[PDB]
């Protein structure tokens, strides 16, 4: 009984990738895509902690994408990472937090950021 395991669903068009919570502790959450062998599953680690002064919060998200050798028993060849570090001020307005979010969503969505990550092309056109 009780709640099912928590998920977050990523959409790429009609396609979806579901990441399921596998750990929730004082220090962090870990979500994994429960598809394929265990080695090399897509991982998202998340934490939310107040700073020492209790004037801000720090959100950390770490997306770990392992690459697995095609043949033989599963082994990680390499791992690539995209992590986020978000500083949210405790006396901030909702509109300011929503703006930071909206602008970051837009930034990440740009073809420029895509070309930076995929082709190492510097920003600016």
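Numbering follows the first chain given and starts at 1.
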The stretch whose C-alpha atoms carry the larger average B-factor in the entry, 39-47 or 66-74, is 66-74
Of 9-17 and 100-108, the one with larger mean CA B-factor: 9-17
From 34, 84, 28, 54, can you pick the one with the highest C-alpha B factor in the entry? 54
Determine, from the deposited record, the chain-internal third of the Cα B-factor for residue 95: lowest, middle or highest. middle
